[PDB]
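Engineer: Before I ask anything, here's the sequence and the deposited coordinates:
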Amino acid sequence: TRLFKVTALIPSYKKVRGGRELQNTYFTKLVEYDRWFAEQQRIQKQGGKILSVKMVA
Amino acid sequence: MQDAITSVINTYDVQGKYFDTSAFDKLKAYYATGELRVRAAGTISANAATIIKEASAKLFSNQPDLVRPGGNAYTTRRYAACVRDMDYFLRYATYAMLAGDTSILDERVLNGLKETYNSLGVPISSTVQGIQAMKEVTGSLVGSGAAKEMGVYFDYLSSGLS
Amino acid sequence: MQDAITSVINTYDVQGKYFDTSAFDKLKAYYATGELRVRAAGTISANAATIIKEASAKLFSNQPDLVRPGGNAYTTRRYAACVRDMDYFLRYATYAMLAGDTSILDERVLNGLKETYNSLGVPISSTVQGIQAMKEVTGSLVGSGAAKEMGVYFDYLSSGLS
Amino acid sequence: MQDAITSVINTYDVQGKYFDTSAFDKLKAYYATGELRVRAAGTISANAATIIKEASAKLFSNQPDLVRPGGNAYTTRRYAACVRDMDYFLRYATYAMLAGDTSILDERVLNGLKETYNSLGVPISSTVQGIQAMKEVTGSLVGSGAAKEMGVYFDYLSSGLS
Amino acid sequence: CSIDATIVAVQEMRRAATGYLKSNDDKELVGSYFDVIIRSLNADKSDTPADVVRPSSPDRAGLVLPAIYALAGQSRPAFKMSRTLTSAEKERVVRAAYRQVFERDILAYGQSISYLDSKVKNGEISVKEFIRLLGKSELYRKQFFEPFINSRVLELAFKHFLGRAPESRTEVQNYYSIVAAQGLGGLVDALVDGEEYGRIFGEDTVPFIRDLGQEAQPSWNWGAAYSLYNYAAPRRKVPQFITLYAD
Amino acid sequence: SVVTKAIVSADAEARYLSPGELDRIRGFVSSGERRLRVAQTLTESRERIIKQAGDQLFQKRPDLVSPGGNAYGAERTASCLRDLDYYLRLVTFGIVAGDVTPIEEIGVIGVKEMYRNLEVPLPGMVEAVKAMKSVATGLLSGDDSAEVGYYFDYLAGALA
Amino acid sequence: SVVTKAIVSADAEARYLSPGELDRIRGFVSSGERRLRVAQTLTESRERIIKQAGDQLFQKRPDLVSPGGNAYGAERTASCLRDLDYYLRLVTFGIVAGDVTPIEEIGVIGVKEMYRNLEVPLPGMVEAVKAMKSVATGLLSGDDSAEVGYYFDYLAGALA
Amino acid sequence: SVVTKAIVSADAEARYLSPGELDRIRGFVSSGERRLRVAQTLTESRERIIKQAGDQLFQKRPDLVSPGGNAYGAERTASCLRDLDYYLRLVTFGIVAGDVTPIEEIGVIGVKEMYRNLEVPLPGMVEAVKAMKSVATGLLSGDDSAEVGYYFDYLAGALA
Amino acid sequence: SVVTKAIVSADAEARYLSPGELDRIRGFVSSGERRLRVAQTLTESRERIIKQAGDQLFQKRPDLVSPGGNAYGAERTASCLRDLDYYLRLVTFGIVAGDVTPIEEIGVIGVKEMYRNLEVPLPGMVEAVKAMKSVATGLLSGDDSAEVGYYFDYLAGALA
Amino acid sequence: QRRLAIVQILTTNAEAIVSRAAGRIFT
Amino acid sequence: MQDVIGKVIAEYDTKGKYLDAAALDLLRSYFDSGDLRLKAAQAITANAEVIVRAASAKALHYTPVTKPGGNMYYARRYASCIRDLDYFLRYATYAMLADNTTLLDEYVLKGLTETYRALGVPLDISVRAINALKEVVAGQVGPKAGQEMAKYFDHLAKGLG
Ligand SMILES: CCC1=C(C)/C(=C/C2=NC(=C\c3[nH]c(/C=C4\NC(=O)[C@H](C)[C@H]4CC)c(C)c3CCC(=O)O)/C(CCC(=O)O)=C2C)NC1=O
Ligand SMILES: CCC1=C(C)/C(=C/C2=NC(=C\c3[nH]c(/C=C4\NC(=O)[C@H](C)[C@H]4CC)c(C)c3CCC(=O)O)/C(CCC(=O)O)=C2C)NC1=O
Ligand SMILES: CCC1=C(C)/C(=C/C2=NC(=C\c3[nH]c(/C=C4\NC(=O)[C@H](C)[C@H]4CC)c(C)c3CCC(=O)O)/C(CCC(=O)O)=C2C)NC1=O
Ligand SMILES: CCC1=C(C)/C(=C/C2=NC(=C\c3[nH]c(/C=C4\NC(=O)[C@H](C)[C@H]4CC)c(C)c3CCC(=O)O)/C(CCC(=O)O)=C2C)NC1=O
Ligand SMILES: CCC1=C(C)/C(=C/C2=NC(=C\c3[nH]c(/C=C4\NC(=O)[C@H](C)[C@H]4CC)c(C)c3CCC(=O)O)/C(CCC(=O)O)=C2C)NC1=O
Ligand SMILES: CCC1=C(C)/C(=C/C2=NC(=C\c3[nH]c(/C=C4\NC(=O)[C@H](C)[C@H]4CC)c(C)c3CCC(=O)O)/C(CCC(=O)O)=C2C)NC1=O
Ligand SMILES: CCC1=C(C)/C(=C/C2=NC(=C\c3[nH]c(/C=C4\NC(=O)[C@H](C)[C@H]4CC)c(C)c3CCC(=O)O)/C(CCC(=O)O)=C2C)NC1=O
Ligand SMILES: CCC1=C(C)/C(=C/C2=NC(=C\c3[nH]c(/C=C4\NC(=O)[C@H](C)[C@H]4CC)c(C)c3CCC(=O)O)/C(CCC(=O)O)=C2C)NC1=O
Ligand SMILES: CCC1=C(C)/C(=C/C2=NC(=C\c3[nH]c(/C=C4\NC(=O)[C@H](C)[C@H]4CC)c(C)c3CCC(=O)O)/C(CCC(=O)O)=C2C)NC1=O
């Protein structure tokens, strides 16, 4: 239970951003186990949707 | 920042005392003026753009050198920064009036303002004149008692800058 | 940081010289004292909470004003901040004892602390009295030699806050 | 920051008037040196490492004690920091030469330089000597005509330190 | 005023100035320099472009900056890792990250974290995770944790990871709680994983100093903040924000 | 305070107060009279409440005043009752404030660290504040008892 | 040193040293006498190690003292030997410290930039460090030679 | 274990093992015999140690065995003894591994929240751990009982 | 290329190319014929330039061909010729591109470790590149030699 | 230099340009 | 992302040979068209908001997409649509100046399609808006530059489709 591969899309509802912000909205990242609960909470509070999570190790 | 209720709570907390008759008198006095304060704040929120515009007009009429070359309002950029500062002052005077205490004015506005303006080159006296223009505009739109109340906080801002 | 071995290495590096008899004597002195230092460090680590409890009880029994309304340690937050400061003083005194040098106490505790307490309004005399109480409590648990050694660093902290 | 053009424009904008004869003369003088200064900047940009090498060699030959034990440049880290500071001085002198103004030197070098070198214990006179050595090396590399222009800003840095 | 009258006047000056030039390139250049006036006046048919708002927590004031104030050309260039960039600008972004976190490029000493650099370049970690692992490393601990008391560490970490100074007593209080409890790793995690960091920089943008012209600037910390946004900031050991907000 | 909370919420995104914020301030200042009446009753009855709450706490958990306990002794029992007086004062503060902000800023932040530094059992404090809620809501009327119980119950959960 | 590394590792985590760390300091101070003997042996034999290392380096790499070489000339050869003397002193410091921390602080950080600004080849430095490794480990016994060889190995890896 | 910390520290710096970590591995492999003897002694006498330690733990706090405490009750006492049996395995694991990472990974991280869920007091934990330490140091040899006491002191400090 | 840098910098600030960047691309495209003519001229000079650079390097650094040098030996000459050819090709690619990024990517990023692998001295690189620059600028016109000088001195400075 | 020549041309004739625009739109 | 110069340098480095007559001729073709591309860049830069506005008017305004239930029905969603059109126009200009479509794929087409799936963005209406933007851009920049812009715009359209 070491690493999670998370594909997530975080939209924007507070405003419209002029910069690219495409990789910032949809991205796949590797997150440690001790951090994943907090990261999932942050994504869910941002309004984003967690497309998938998988076990790497 | 703190309002009148929190100010009374702190002044009785440092003393290790329960609320006595005077404390309840002060709390009742604040609660009496709450509806008036909400009405004045809503009115000023409704008319903030008008107040800023007419006060800026009065200031730049009585201080023509500000908008002429060499003045600290001489460009559209520099003028826009000035009117944004005017919006700051009106918003924080409304906040302080609604709270009933000048703590927010000292904490979020007045602290470090003279140093910032000295660094930028902003004239503090002209800023005070703009604040007094704000007071003159706001009194008519808010009525007599609300004008007295909001003029207290405009005076606090002016004396803080002065 | 800097410890006794590192201190000797530095003082022989600045002058560019190789180690001589005196340097080897200082290094041997530290190496001999190391076992006692490690025992003391383990004892303090095991009993740090109790040391803080007893030193804080001593200080607040001698000066009840600090925890009564109007005192610097009067709230749950200010009291917890006080005991946190005492915990840090004890841990860094342990670090300096284990290192054999007072560099970490300078750079990592005392550099900027007295001005921080002057700004905050912390009574530094009471803090030094609490550090002395920590010294008294720690000496009994560590024994005579480790008590002398740790009292060196406690007194260093107390004099540095001065 | 500023450049020569921005300084002229602001000088004639704060007054509110068009460019006079002196303005056109200053602009012509700045533009006339432009190609020579660009050639010098390109030569320095391509050859900064060399200039640092001979300048540091000259400095450390004139003052060996810097790179011997007890000298501020005695360590691989402090030697590297020394040559890095030399690279800063060269690059910012080039920036100032291209800008035609010393605003970038005040804003981004001299602001905080005395505090840094006094906190670190760096010898200011030896730094002035190193800047002078870069002055001779750069003048030899880029030709006399560009040498004078670059030496203006090197002298500005030197007088800023001392 | 009449906007139509102003547009007619600017067109008239455009025609007049084009008259005296007697050269096609000069005529078109001055015509463009007048067309910018006409175009801006026509573009402001609706209101002026919206002011950029910097949000805040309940402890510090929320501020606005007119969009006119920001677009004077002084905005810092964002260093972003796109995962499709070639090696050169990938190294450019990495060097920007080093300059931000360590206040300077530490390749001047030959110091780097090679595996972290490889991970950020190839995409295993993002720029945010690179910044976090870089502020939690032995190099950062040696440079900006050991020589300082926890309050100064707090302030310099604000500068290095949030690109700004602390703005509140509540802010320094909370982050001192975090550092005093959890060490450097906890402090860096709290700074990077906050809402403000993702708000401003995100996953792929190296942090930058948010000084005058980038965002609206607070007034209450002005002198201390601009002492902090200076390379002489580590030369000071006494904390300057806890002391100020207590003063 | 409710007003302070509304003002900081408005100030966070740099705007004048929304109609909802003005409405909540209006409701808060509309309820001032009952808040003052309740706080006046609690202050009037501070001695009675502290006395009965201390009695009930010490009967329910005799081990606190049993030898070897934390509150054993006249002086330590006095300190125990002084803490209850502290928290009753804070509850009255939070009642006049309209929220639990004074309670939290004075007697909830770091309270666990403080009571671990004192060998004060947290379940004992939970029982004490629960007993003090029972006694206090006993005196007050039905409508006011619930809103006082909310404050006492927040404090109990904070200690727990 | 070992103590400094343990203490800073604990400090950066806001915790006391773990029993494993205290075992580290115990084992380190236990081996103090051997480290002091090794450092004394190297310090007493410094002048011979420098000359033998220089001879081995120049015989293995005649180019450096060849015409057009970096160390060509009396002064340049003297500076070469002086650098070797520095690194021998650094190795003794690291031996007494129990880690490469003195070598890393005084001699490794910025060495490549330094020697680049001095047009000093780095392969020549690695060969010189290997030669001094051979000469110094020749003196010591097998267990002591194995200990000193690793400090010389860290130096060679840093220079390369 | 010790090799674990050395390897991960080497990973954090992207090079091979530095001399202090080599000293780790040398001491760790050289001291394996004595620590294995310690672990065998602790596991062979675990059944007596846990029961005796529960006995003096009951002696130290008359309140725990008294009604209203988690220790009261036959099956609750069995649960307490089973928890002590759990912790003894962890201490033996730490002695074998030479570090407290096996101890941290089971029963140290999150232990406070777990016991708050169980309503079990923490001073009971620290005094029980002191009981196991005292009963272990008696039968075990002094040199071994030293490091066993260091490990138990660490675990108690984690609880306290 | 210049356009690549301009586009990257324009994306960095999230806006269309500034008039300064647009004028940069103006000057870049307007000078395309001259830069391609210079690069083509560098081509007809293949063996000539390679050999004058080589023998100038041998004269300047006899150690390379002297015994004990890394390039000593006839077989090393075959690698010498193609290495100088590679660097010349990179210089031409940079000349047409208008920036040193092809040089940095193909022959500079990782060259340091590469020649550390081959035990190659960087001073040999700087002297060889200086010989190439001397020969090429001697062959090319002064105005064009000035433009090629930036590329060759960048190669020298980056190689060390 | 070319831009400075253009600027010289416009600054010499500035009064005429401003007066011409004013006449076109005023009175 | 790479230019034409970057692409030819990469190809000839992979082959390992110097730039021959053919590569020099392609480089001359790129540099000769440089002035035209720069003029079209001036035109797009000056009138970018006008172009996006015309494209929105002709493609999007009075279709049901701006009606409630449509994907553009919000102030925020409409602003985001105009912002996306700004993206497409600016990066088409970047691709034209680069004379290459790789930056479109790496910067704009990297993860855009499934992101539009997740957000619920319609592909066909987006392609229609891109085509309308292409017509407006061609009208503003003339036939010669519009021919070049068309390649990048329908590259975006194929990437969406
Ligand atoms: C530079 C490369 C790049 C692209 C291409 C890009 C597109 C893009 N458009 C978005 C939102 C959006 N985009 C649109 C526009 C679509 N819906 C309309 O009907 C049209 C058919 C169509 C545009 C022509 C809308 C309506 C949203 C809001 C989505 C929502 O809130 O549900 C988002 C989500 C992030 C945000 O809302 O700020 C992205 C990533 N972003 C990028 O950084
Ligand atoms: C070059 C850049 C630049 C310009 C031009 C500029 C104009 C400008 N004119 C102003 C006032 C004014 N401007 C005008 C009208 C004039 N305005 C012109 O565009 C018309 C030709 C003409 C009338 C047909 C008037 C009547 C006022 C008085 C205040 C008001 O309009 O409310 C103001 C507000 C400050 C003040 O009240 O004195 C600005 C900022 N600012 C700039 O940074
Ligand atoms: C919430 C409390 C608060 C205040 C008050 C505040 C003032 C403030 N005013 C500023 C600029 C400015 N402020 C002014 C205003 C003055 N100029 C004079 O002519 C007039 C008397 C007056 C306009 C009515 C101007 C002109 C500038 C621009 C300075 C410049 O750009 O050089 C700036 C720097 C730019 C920025 O916002 O980032 C600050 C921080 N900041 C705060 O956080
Ligand atoms: C562009 C603005 C700027 C400047 C000016 C600047 C100078 C500067 N030099 C520093 C260190 C240093 N600087 C030197 C300079 C040398 N000492 C010798 O005696 C010579 C006289 C002298 C140069 C010829 C040295 C030796 C150090 C190391 C000091 C130490 O670490 O204790 C440091 C501390 C940070 C570090 O070690 O990297 C700064 C900030 N940094 C900047 O960002
Ligand atoms: C490791 C180096 C270091 C130390 C020690 C340190 C101490 C420190 N103590 C603080 C508060 C405090 N410190 C104390 C403790 C004192 N008052 C009591 O009366 C005692 C006599 C005495 C302790 C024995 C108290 C009561 C506070 C609360 C003050 C306040 O919140 O206003 C604070 C400010 C926390 C905040 O933001 O509110 C710091 C930074 N900081 C450091 O970086
Ligand atoms: C306004 C916020 C505030 C609070 C709440 C507060 C509590 C507080 N309680 C204390 C002692 C005490 N507190 C208690 C109360 C506990 N004993 C039993 O276990 C009960 C479960 C429980 C009471 C219901 C006792 C018995 C002591 C005496 C401990 C001793 O002196 O050894 C002390 C130390 C006083 C000293 O220096 O002697 C403080 C500061 N302080 C504050 O500034
Ligand atoms: C304690 C850390 C430290 C080191 C290591 C150090 C090295 C150092 N070596 C130097 C010169 C030198 N160093 C060498 C040695 C080279 N010759 C051959 O090429 C070999 C590859 C190699 C030696 C094995 C030579 C020949 C010089 C003279 C070159 C000159 O004149 O600049 C110098 C220039 C000043 C001087 O000569 O005194 C320094 C500072 N300085 C320090 O503060
Ligand atoms: C190795 C990792 C591990 C630990 C640390 C652990 C502690 C632990 N002890 C438990 C039961 C218990 N344990 C105790 C004993 C406590 N009461 C007294 O105060 C004693 C001093 C103290 C001894 C620890 C009691 C009374 C219970 C019953 C709690 C209950 O089930 O409601 C339980 C809940 C088991 C259940 O009922 O389903 C856990 C998780 N369990 C583990 O798997
Ligand atoms: C296009 C980018 C590129 C470069 C530059 C490159 C250089 C390169 N030169 C190599 C060998 C070498 N190259 C040299 C030549 C150099 N060393 C000496 O010090 C001389 C000073 C100098 C000649 C001027 C030598 C000595 C070797 C090792 C044996 C040999 O000659 O092949 C090798 C190892 C594989 C092989 O033998 O071919 C590489 C990769 N490879 C590349 O893909």
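Structural biologist: Everything's here; your move. Numbering: from 1, shown residues only, chains lettered A, B, ... in the order given. Ligands and ions are numbered 1, 2, ... in the order given.

Engineer: Residue F:157 and ligand 1, how far apart?
Structural biologist: Counting by C-beta to the nearest ligand atom, to the nearest Å, the gap from residue F:157 to ligand 1 is 38 Å. To be clear about C-beta, it is placed using only N, CA and C from the backbone, and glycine gets the same treatment.

Engineer: try residue K:108
Structural biologist: From residue K:108 over to ligand 1 the distance is 4 Å, taken as C-beta to the nearest ligand atom.

Engineer: One more: residue B:63?
Structural biologist: Note on residue B:63: its distance to ligand 1, by C-beta to the nearest ligand atom, is 43 Å.

Engineer: Closest residue of chain J to chain I?
Structural biologist: Among all residues of chain J, residue J:3 sits closest to chain I, at 11.7 Å; criterion: C-beta to the nearest C-beta.

Engineer: Can you give me every residue that contacts that residue?
Structural biologist: residue E:29 (C-beta atoms under 8 Å, 6 or more residues apart in numbering or on different chains).

Engineer: got the CA positions of stretch F:66-84 in PDB?
Structural biologist: C-alpha atoms of stretch F:66-84 as PDB (Å, rounded to 0.1, in the frame of the first residue of the first chain):
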ATOM      1  CA  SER F  66     -10.700  10.100  46.200                       C
ATOM      2  CA  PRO F  67      -7.100   9.900  47.500                       C
ATOM      3  CA  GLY F  68      -4.700   9.600  44.500                       C
ATOM      4  CA  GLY F  69      -7.100  11.700  42.400                       C
ATOM      5  CA  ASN F  70      -6.500  14.900  40.600                       C
ATOM      6  CA  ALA F  71      -9.000  17.000  42.600                       C
ATOM      7  CA  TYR F  72      -8.200  15.600  46.000                       C
ATOM      8  CA  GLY F  73      -7.600  18.300  48.600                       C
ATOM      9  CA  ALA F  74      -9.300  21.600  49.400                       C
ATOM     10  CA  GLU F  75      -7.000  23.600  47.100                       C
ATOM     11  CA  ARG F  76      -7.300  21.200  44.200                       C
ATOM     12  CA  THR F  77     -11.100  21.000  44.500                       C
ATOM     13  CA  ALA F  78     -11.000  24.800  44.500                       C
ATOM     14  CA  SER F  79      -9.000  24.800  41.300                       C
ATOM     15  CA  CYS F  80     -11.500  22.200  39.800                       C
ATOM     16  CA  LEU F  81     -14.400  24.500  40.600                       C
ATOM     17  CA  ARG F  82     -12.500  27.600  39.400                       C
ATOM     18  CA  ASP F  83     -12.200  25.800  36.000                       C
ATOM     19  CA  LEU F  84     -16.000  25.300  35.900                       C
END
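
Engineer: Can you show me the helices along chain B?
Structural biologist: Using DSSP state H, the helices of chain B run over residues B:4-13, B:21-32, B:34-46, B:48-62, B:76-99, B:103-104, B:113-120, B:124-142, B:144-161.

Engineer: and these as TSV, adding distance to residue D:84?
Structural biologist: Formatted as TSV, these follow (distance: least, C-beta to C-beta, whole Å):
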stretch	distance to residue D:84
helix B:4-13	52
helix B:21-32	62
helix B:34-46	55
helix B:48-62	50
helix B:76-99	38
helix B:103-104	47
helix B:113-120	31
helix B:124-142	43
helix B:144-161	45
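
Engineer: and residue 35, how many neighbours?
Structural biologist: No chain was given, so I picked chain A. Number of residues near residue A:35 (other C-beta atoms under 10 Å in any protein chain shown) recorded here: 15.

Engineer: wait, chain F
Structural biologist: By other C-beta under 10 Å, 21 other residues sit near residue F:35.

Engineer: how close does the residue nearest the centre of chain K get to residue I:16?
Structural biologist: Closest to where the C-alpha atoms of chain K average out (C-alpha atoms, centre = their mean) is residue K:92, at 2.6 Å. As judged by C-beta to C-beta, to the nearest Å, residue K:92 and residue I:16 stand 11 Å apart.

Engineer: what about the residue in chain K positioned nearest to chain H, how many neighbours?
Structural biologist: Residue nearest to chain H within chain K (C-beta to the nearest C-beta): residue K:106, separated by 29.5 Å. Counted with other C-beta under 10 Å, the neighbours of residue K:106 add up to 15.

Engineer: repeat for the one 5 residues further on
Structural biologist: Burial of residue K:111 is recorded as 15 neighbouring residues (other C-beta under 10 Å).
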